[PDB]
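Report on one structure; see the data block that follows.
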Amino acid sequence: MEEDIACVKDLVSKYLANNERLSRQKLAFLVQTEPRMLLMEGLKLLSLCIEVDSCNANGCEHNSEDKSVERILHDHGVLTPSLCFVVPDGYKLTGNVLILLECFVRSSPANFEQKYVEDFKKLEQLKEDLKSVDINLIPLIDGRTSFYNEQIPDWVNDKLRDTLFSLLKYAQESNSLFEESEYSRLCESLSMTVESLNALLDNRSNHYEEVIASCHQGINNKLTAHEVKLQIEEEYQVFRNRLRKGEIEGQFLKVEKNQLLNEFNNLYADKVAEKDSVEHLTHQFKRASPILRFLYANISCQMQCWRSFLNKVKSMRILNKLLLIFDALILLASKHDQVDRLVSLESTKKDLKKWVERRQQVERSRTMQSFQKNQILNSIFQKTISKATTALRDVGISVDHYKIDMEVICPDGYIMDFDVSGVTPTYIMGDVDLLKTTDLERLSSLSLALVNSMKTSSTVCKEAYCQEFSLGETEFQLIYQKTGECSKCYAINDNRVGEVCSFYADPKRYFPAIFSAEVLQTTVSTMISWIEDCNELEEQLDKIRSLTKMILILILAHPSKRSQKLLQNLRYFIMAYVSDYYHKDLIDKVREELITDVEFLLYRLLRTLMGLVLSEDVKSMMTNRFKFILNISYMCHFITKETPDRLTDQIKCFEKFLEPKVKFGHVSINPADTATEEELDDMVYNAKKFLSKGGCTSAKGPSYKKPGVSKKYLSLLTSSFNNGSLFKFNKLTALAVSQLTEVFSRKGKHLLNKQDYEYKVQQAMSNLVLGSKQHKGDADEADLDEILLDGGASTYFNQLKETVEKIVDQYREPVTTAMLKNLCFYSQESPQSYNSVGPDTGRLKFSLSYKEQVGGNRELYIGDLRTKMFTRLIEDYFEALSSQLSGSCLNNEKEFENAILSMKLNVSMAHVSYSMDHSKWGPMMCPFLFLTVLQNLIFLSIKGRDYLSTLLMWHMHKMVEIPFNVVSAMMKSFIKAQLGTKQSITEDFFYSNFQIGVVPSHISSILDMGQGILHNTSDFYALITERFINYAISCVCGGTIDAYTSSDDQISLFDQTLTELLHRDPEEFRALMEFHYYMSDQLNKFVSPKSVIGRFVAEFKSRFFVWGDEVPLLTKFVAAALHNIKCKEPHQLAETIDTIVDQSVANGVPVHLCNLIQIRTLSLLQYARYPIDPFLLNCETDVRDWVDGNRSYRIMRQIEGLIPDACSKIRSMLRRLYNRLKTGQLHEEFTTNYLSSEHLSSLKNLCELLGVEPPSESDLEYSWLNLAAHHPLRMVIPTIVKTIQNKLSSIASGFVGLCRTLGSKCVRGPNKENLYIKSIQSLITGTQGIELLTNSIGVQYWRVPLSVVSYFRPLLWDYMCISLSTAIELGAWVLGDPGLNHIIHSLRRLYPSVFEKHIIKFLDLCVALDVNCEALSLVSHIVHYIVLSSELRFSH
Ligand SMILES: [Mn+2]
């Protein structure tokens, strides 16, 4: 035993680095002969060296004596109260800023992220607590995946761990101490960790057997193919016989196009007259809304230089009264600009009324008088301007400042009297034709004004803030009082006469109309040219044009979810109108609640448009009008989707989640990590009730909306599948709350002047009453007591105790190797012996949230990494099972493409195409149903499926978290209803009767199946059920039905037999479809009322197909392109925009909109003072050759259009090179002639090698600004390394941030110093070369670079490498006339990168051409199209 101990002490005696504290640990280490003490001092040595590399790597002072944070601040003299006992690894105190460091090692990813978020939550607790002791805390977590360090070699450490593990093999150690929980925890903690985990005990406590018994209750799952057919035929015959006087006929009808219009016009008859002329509509429209009234009317430099200079100088450092001095300078500039702001809009966009200005000026002059005469004011002005001029000497000067020296020359001889004497002398309805752009231009100006008004800094009569926007030789002013991001009251006014219009909106919703002026008009023109018929010319096109323009402008002027949902129900309605058989309950889901009298006007416009489009004599064509109406809906897709209200949307999504639960009757209250008797009993009872589902054999069978699957149909399905025939200060604020509640009760003379008081008492009550109802945890899954600890981070414990007891009193009136070994060596809590309910660590803890979608708030389920891995295991197991099948279509592009081909082929033969959407696919499904359909299968090649069964059972008992905002709002509502509108909905009564007991926080039920958590299981089940139902229908009527399913929206294709049947017998077809509805409803596959069947359109995955061509679907992609401008480096922003435009042009959207959207994006970049370099965004005025072309191709195209003749010589030399780039002249000579070090001498030698030399004295004269020539642009080394490392707010706020960062410290230099863009512009200013732009791109300028400014980059080298990449990528026609293998190859070429970053024919060249430049789309593209005939003939 002691031989290998002497070998490992010899090993430490050889391979240890010389450290004194490690010689102290070596001194206590080598004197130990006990193996547990050798393991403790050895792992303490290793984790101690981890703390050495952590504290020395992060610069923190090492905590060796296990000093707490209160000990750290206690030794520094910072008095803290009794806080949480946390022992950090390293600490560093710098003034009032403390830095804490904690490090750990984990082998498994779940314990790594788990201890990561546990230590993250503890350091956020210390962050808020020491923030309440006024200390800015900087937490640092150094989590390491390996046991390596900077002290012991790798194989020596592996020999150490294999030596200690070679000491763990003896039995007397584990028999003596360190029992099998800590022994398996230690031995598995030192492992290198998986399907079918088997290191468990599987203590099923008589519960799994009961569920298996309830699953095999009456299901045969063993029948042959002779009883199934007879059973199905008998049941269908009984159903048909019942369909005469019994069942509700499946609620299927037959379209009467005129009746649908007469029902849509009379729909929603709250207050709408069904007689509206176009002229009266326009008259009401141009005077409808105050914003709408602001446009459609009959309206009719030294100051801005000073304003900008003052802003930029005030921003950084100058002082800290300052605003007073700046406003005084503004008044002097205005009074000297006598011969257009009047209220003197000062810095930060604020104005003063010229009255208190004189008063505080008198006060300042009197204070300066007592400092013992107008010259002292001028002297202060020179002091301030001198500080300004030196701060601008730093890097600015007279950079386009246009002679700010006026206040230096004129007022030297000068006066309050002059100022006041200069200040003292200083309908809404119209007819603007709907043919010009003035309306849209005014809308764009107002939208830009709002978006820029969002940028208020908010530091520290009419003292509100103002923004400016100009017009056709006039200058308006927007006024707003409250800053921030919330909806406010805005006022548009002028200075001439009144014109003070007012409204109340939200600024961050008006983004999609900032610079869109020629885009929308072209969309409208295309939509109308789509309707160039031979019948609607009789005075109808102008009405349609006015209607579409009014619709667009009303949508863009008023963003509201109501109009969005209205036009979505409109696309559903038109899909139903064009079809053959629609659902009877359709119009119930098309009517909505509309308010504010604007949505009613929108509905009147839509009704008139539908009447003008779908009147008599339409039988000429139908495709164009259908496409037009679809485009009007996806024109409602223009509205920004940014959750206009958070709390109401969360309440609504939670209500949609919970209503079907209480309708069933299995809502549970918070359990605690265990399994009591009553909940298991009611679980089994409701699982049995889930299977009752009385069929049509009874007298009340077709309930048609109740969840639950019938036992007989499930048994039939399982039997047909197993047979080879289916698929083959606290006290004072609390007393303030109490006295204000007393006021609310009795003292009502002062009605409401306590808004801020209302907020603070609301927050106090919500934090206080929820402090006594902590809804106990004991799981520590990173989110159980956050907000209650934020509110509690500044409060004492006994304080909370006395507050909660006094508030309930006043509320009753109106009515050991455990801890020292955890942090060093072994991991966190690991899965242990689990019951049939949970993993013995939790109970599959999930949490709910809402998702932003243009249609409706989708539900989202989020969980821990452990649960995520369990669900991923179930997911890919069922994914393998489904890939063994073929009918499914979720993610495999091959089968989806096959579905598209089959759909096209079927529609081309004028057959019937059934569409199907399933309502409430989330809640109506159930994991128990999955367990029951799985347990009754065969699946020949077994054992190991019991693990899958218990995993699926873990989902049977799962928990969801109610957000704290919801329960706080419910408590406020209950208090308001108890102290002081009687519309108690089911959820409110549920919350109230729960509050009578204990408040609920966690919910557990049966039929939840959180969306996305079990996606592939749902796909598998839906595939099986759809195939079985189609087989049943083909057996009943002798037909053939194909199906394609995506787990929510499915399509079905009927053969010629069913089409002939529909053409011959409508009654049998209606009976067959009602029987399909009955079958799909017996199993939990409820059909949504939006499902329509017909032979004109096919609805699948938001892609519509008709006979002939396919729907171009323009406006959806147009409005998508107008959106999504985030806060990134504008190169990546242009990448994203070009990708979206490439998808759009892969579609049917006419090219002319590509160029317009790109011009809009370039204008948005121009407005942000960001140099329009050529490599930023693609060329414009594009040819129709967006096919077979990459982004590099379009960059090459714009450079060739930008260079008249040199590109021709470059193309000639490159063709001669590519002819020599073949065998015999391999790239080794070229890669050795790379020469990316000094200059373009490589190309000089290449062109002089085989002919024409380049035209010098003009080639180097062309160069562009690469601002990221040394480092990327920061905002608060090639790209290959970024790809290797990646291998392992609102939308308007993004644009606001983009404009903010591009003005502040953004770019840095080769000296590790930050600077501005205007810094570079003031650095060049000329010096042999001026911008020399061409069509809006400020590019192409240099004379002879050869040491002060290296930000430039020649055009010829970039064009050369990009042309080489484009040529080797695709084709050789581009020179005409108008994953891991790459890593291995980069390791082969780059010698020093082998020890720095390790973790065929032309690949060497393409990877070589990426180390120098970073934006030429190489790595991104390495790892169908519909074009018009005329645009193709326009191609070159
Ligand atoms: Mn659908």
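By order of appearance in the structure tokens: chains A, B, ..., then residues from 1 within every chain, and ligands from 1 in the order shown.
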- request: Excluding residue A:503 and residues on its chain fewer than 6 positions from it, collect all residues at most 10 Å away from it, counting only C-alpha atoms, and give them as a PyMOL selection string.
  value: chain A and resi 289-291+488-492
- request: Could you give me the residues within 7 Å of ligand 1, counting only C-alpha atoms and all ligand atoms, as a list in words?
  value: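 After applying the 7 Å limit, what remains is residues 916, 917, 1049, 1099, 1100, 1101 and 1102 of chain A.
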- prompt: DSSP on the backbone: what in stretch 818-1050 of chain A comes out helix (DSSP H, G or I), as number ranges by chain?
  reply: A: 819-822, 865-883, 893-908, 927-935, 945-956, 964-979, 986-996, 1015-1037
field: Atom-to-atom span, atom CA of residue A:699 and atom CA of residue A:1071, Å
entry: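 Value for the atom CA of residue A:699-atom CA of residue A:1071 distance: 19.2 Å.
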message: List as a list in words the protein and nucleic acid residues near stretch 1091-1096 of chain A, meaning an atom at most 7 Å away when only C-alpha atoms are counted, but skip any in the same chain fewer than 2 places from it.
response: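 Selected residues are residues 576, 579, 580, 581, 582, 583, 910, 911, 912, 913, 914, 915, 916, 917, 1088, 1089, 1106 and 1107 of chain A.
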Residue subset to file, keeping N, CA, C and O atoms, as a compact mmCIF listing (two decimals), in the first residue's frame:
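The resulting file, result_35.txt, is shown below:
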```
# COMPACT_ATOMS: atom_id res chain seq x y z
N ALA A 576 -62.17 31.33 -46.32
CA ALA A 576 -63.43 30.61 -46.27
C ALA A 576 -64.34 30.95 -47.44
O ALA A 576 -65.03 30.07 -47.95
N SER A 579 -63.49 29.09 -50.64
CA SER A 579 -63.55 27.64 -50.53
C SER A 579 -64.95 27.11 -50.89
O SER A 579 -65.82 27.85 -51.34
N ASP A 580 -65.15 25.81 -50.68
CA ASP A 580 -66.41 25.15 -51.01
C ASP A 580 -67.28 24.93 -49.78
O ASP A 580 -68.44 25.36 -49.76
N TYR A 581 -66.76 24.25 -48.77
CA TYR A 581 -67.48 24.00 -47.53
C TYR A 581 -66.74 24.65 -46.38
O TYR A 581 -65.54 24.41 -46.19
N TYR A 582 -67.44 25.48 -45.61
CA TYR A 582 -66.86 26.16 -44.47
C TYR A 582 -67.54 25.71 -43.19
O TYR A 582 -68.55 25.00 -43.21
N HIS A 583 -66.97 26.11 -42.06
CA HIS A 583 -67.47 25.70 -40.76
C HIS A 583 -68.52 26.68 -40.27
O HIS A 583 -68.41 27.89 -40.49
N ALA A 910 -56.92 19.96 -60.55
CA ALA A 910 -58.22 20.49 -60.11
C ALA A 910 -58.94 19.52 -59.18
O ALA A 910 -60.15 19.29 -59.32
N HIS A 911 -58.22 18.94 -58.23
CA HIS A 911 -58.82 18.05 -57.25
C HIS A 911 -59.22 18.84 -56.01
O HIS A 911 -59.19 20.07 -55.99
N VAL A 912 -59.61 18.13 -54.95
CA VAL A 912 -60.00 18.74 -53.68
C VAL A 912 -58.82 18.69 -52.73
O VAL A 912 -58.16 17.65 -52.62
N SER A 913 -58.55 19.79 -52.05
CA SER A 913 -57.45 19.89 -51.09
C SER A 913 -58.03 20.35 -49.76
O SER A 913 -58.39 21.52 -49.59
N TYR A 914 -58.12 19.42 -48.81
CA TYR A 914 -58.65 19.73 -47.49
C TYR A 914 -57.56 20.38 -46.64
O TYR A 914 -56.43 19.89 -46.60
N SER A 915 -57.90 21.48 -45.98
CA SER A 915 -57.00 22.12 -45.04
C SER A 915 -57.53 21.90 -43.63
O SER A 915 -58.74 21.78 -43.44
N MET A 916 -56.63 21.85 -42.65
CA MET A 916 -57.04 21.55 -41.29
C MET A 916 -56.13 22.24 -40.30
O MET A 916 -54.91 22.08 -40.36
N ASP A 917 -56.72 23.01 -39.40
CA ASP A 917 -56.03 23.53 -38.23
C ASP A 917 -56.73 23.01 -36.99
O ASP A 917 -57.96 22.89 -36.95
N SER A 1088 -60.20 23.15 -35.47
CA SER A 1088 -60.44 24.58 -35.29
C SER A 1088 -61.47 25.07 -36.30
O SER A 1088 -61.50 24.58 -37.44
N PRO A 1089 -62.31 26.04 -35.93
CA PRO A 1089 -63.33 26.52 -36.87
C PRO A 1089 -62.76 27.18 -38.12
O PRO A 1089 -63.49 27.33 -39.10
N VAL A 1106 -52.51 27.91 -55.50
CA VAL A 1106 -53.73 27.90 -56.30
C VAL A 1106 -53.45 27.19 -57.61
O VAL A 1106 -52.29 26.88 -57.93
N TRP A 1107 -54.50 26.94 -58.38
CA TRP A 1107 -54.34 26.35 -59.69
C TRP A 1107 -53.61 27.32 -60.62
O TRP A 1107 -54.01 28.47 -60.76
```
field: Residue nearest residue A:1104 among A:267, A:865, A:788, A:630 (counting only C-alpha atoms)
entry: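 Smallest separation from residue A:1104 among the options: A:630.
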With a cut-off of 12 Å, could you pull out the residues of stretch 809-833 of chain A touching stretch 114-133 of chain A and give me the nearest pair of atoms for each, distance in Å to one decimal, using only C-alpha atoms, ordered by chain and ascending number, as a Markdown table?
```
| residue | atom | partner | partner_atom | distance |
| --- | --- | --- | --- | --- |
| A:822 | CA | A:115 | CA | 11.2 |
| A:823 | CA | A:115 | CA | 10.1 |
| A:826 | CA | A:115 | CA | 11.9 |
| A:827 | CA | A:115 | CA | 8.7 |
| A:828 | CA | A:115 | CA | 7.0 |
| A:829 | CA | A:114 | CA | 9.2 |
| A:830 | CA | A:114 | CA | 10.6 |
```
message: Taking 6 positions as the minimum chain separation for residues in the same chain, which residues sit within 7 Å of residue A:863 when counting only C-alpha atoms? Answer as a PyMOL selection string.
response: chain A and resi 845-847
task: For atom CA of residue A:843 and atom CA of residue A:987, determine how far apart the two atoms are, in Å to one decimal place.
output: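 Between these atoms lies a distance of 25.3 Å.
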Extract, using only C-alpha atoms, all DNA, RNA and protein residues at most 8 Å from stretch 704-719 of chain A, discarding same-chain residues fewer than 3 positions from it, and format them as a CSV table (one decimal) with N, CA and C atoms, in the first residue's frame.
```csv
chain,number,residue,atom,x,y,z
A,218,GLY,N,-59.3,-1.6,-20.8
A,218,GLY,CA,-60.2,-2.2,-21.8
A,218,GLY,C,-59.6,-2.1,-23.2
A,219,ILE,N,-58.3,-1.9,-23.3
A,219,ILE,CA,-57.7,-1.8,-24.6
A,219,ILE,C,-57.2,-3.1,-25.1
A,220,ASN,N,-57.7,-3.6,-26.2
A,220,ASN,CA,-57.3,-4.9,-26.7
A,220,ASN,C,-55.9,-4.9,-27.4
A,221,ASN,N,-55.7,-3.9,-28.2
A,221,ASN,CA,-54.4,-3.7,-29.0
A,221,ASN,C,-53.9,-5.0,-29.6
A,222,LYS,N,-54.8,-5.9,-29.9
A,222,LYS,CA,-54.4,-7.2,-30.5
A,222,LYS,C,-55.3,-7.7,-31.5
A,223,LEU,N,-56.2,-6.9,-32.0
A,223,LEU,CA,-57.2,-7.3,-33.0
A,223,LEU,C,-56.6,-7.5,-34.3
A,224,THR,N,-57.3,-8.3,-35.2
A,224,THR,CA,-56.8,-8.5,-36.6
A,224,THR,C,-57.5,-7.5,-37.5
A,228,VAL,N,-61.7,-5.1,-37.2
A,228,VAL,CA,-61.6,-3.6,-37.3
A,228,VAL,C,-62.5,-3.0,-38.4
A,689,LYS,N,-61.1,9.1,-15.9
A,689,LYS,CA,-62.1,9.9,-16.5
A,689,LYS,C,-61.6,10.4,-17.8
A,690,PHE,N,-60.3,10.6,-18.0
A,690,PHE,CA,-59.8,11.1,-19.3
A,690,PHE,C,-60.1,10.1,-20.4
A,691,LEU,N,-60.4,8.8,-20.1
A,691,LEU,CA,-60.6,7.8,-21.1
A,691,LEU,C,-62.1,7.4,-21.3
A,692,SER,N,-63.0,8.0,-20.5
A,692,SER,CA,-64.4,7.7,-20.6
A,692,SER,C,-64.9,8.0,-22.0
A,693,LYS,N,-65.0,9.3,-22.3
A,693,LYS,CA,-65.3,9.8,-23.7
A,693,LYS,C,-66.4,9.1,-24.4
A,694,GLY,N,-67.6,9.0,-23.8
A,694,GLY,CA,-68.7,8.3,-24.3
A,694,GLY,C,-69.0,8.6,-25.8
A,695,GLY,N,-68.9,7.5,-26.6
A,695,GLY,CA,-69.1,7.6,-28.0
A,695,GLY,C,-70.6,7.8,-28.4
A,722,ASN,N,-50.4,-2.2,-34.4
A,722,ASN,CA,-49.6,-3.4,-34.2
A,722,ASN,C,-49.7,-4.4,-35.3
A,723,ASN,N,-50.9,-4.5,-36.0
A,723,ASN,CA,-51.0,-5.3,-37.2
A,723,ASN,C,-50.3,-4.6,-38.3
A,924,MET,N,-55.3,20.7,-24.9
A,924,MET,CA,-56.2,19.5,-25.1
A,924,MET,C,-55.4,18.2,-25.2
A,933,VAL,N,-50.7,5.3,-25.4
A,933,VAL,CA,-50.5,4.8,-26.8
A,933,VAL,C,-49.1,4.2,-27.0
A,936,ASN,N,-49.0,0.2,-25.5
A,936,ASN,CA,-49.8,-0.8,-26.2
A,936,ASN,C,-49.2,-1.0,-27.6
A,937,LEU,N,-47.9,-0.9,-27.7
A,937,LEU,CA,-47.2,-1.1,-29.0
A,937,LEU,C,-46.2,-2.3,-28.8
A,1025,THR,N,-52.4,9.2,-35.9
A,1025,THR,CA,-53.8,9.4,-35.9
A,1025,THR,C,-54.3,9.9,-37.3
A,1028,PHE,N,-54.3,6.8,-39.5
A,1028,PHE,CA,-55.4,5.9,-39.1
A,1028,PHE,C,-56.7,6.4,-39.6
A,1078,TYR,N,-66.0,13.8,-36.4
A,1078,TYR,CA,-66.3,13.0,-35.3
A,1078,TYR,C,-65.2,12.1,-34.9
A,1081,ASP,N,-62.4,14.2,-33.4
A,1081,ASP,CA,-62.8,14.8,-32.1
A,1081,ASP,C,-62.9,13.7,-31.0
A,1082,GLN,N,-63.1,12.5,-31.4
A,1082,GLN,CA,-63.1,11.4,-30.4
A,1082,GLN,C,-61.7,11.3,-29.8
A,1083,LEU,N,-60.7,11.2,-30.6
A,1083,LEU,CA,-59.3,11.4,-30.2
A,1083,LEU,C,-59.1,12.9,-30.0
A,1084,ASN,N,-58.1,13.2,-29.2
A,1084,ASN,CA,-57.9,14.6,-28.8
A,1084,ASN,C,-57.2,15.4,-30.0
A,1086,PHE,N,-59.2,18.1,-31.7
A,1086,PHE,CA,-60.2,19.1,-32.0
A,1086,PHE,C,-59.9,19.9,-33.2
```
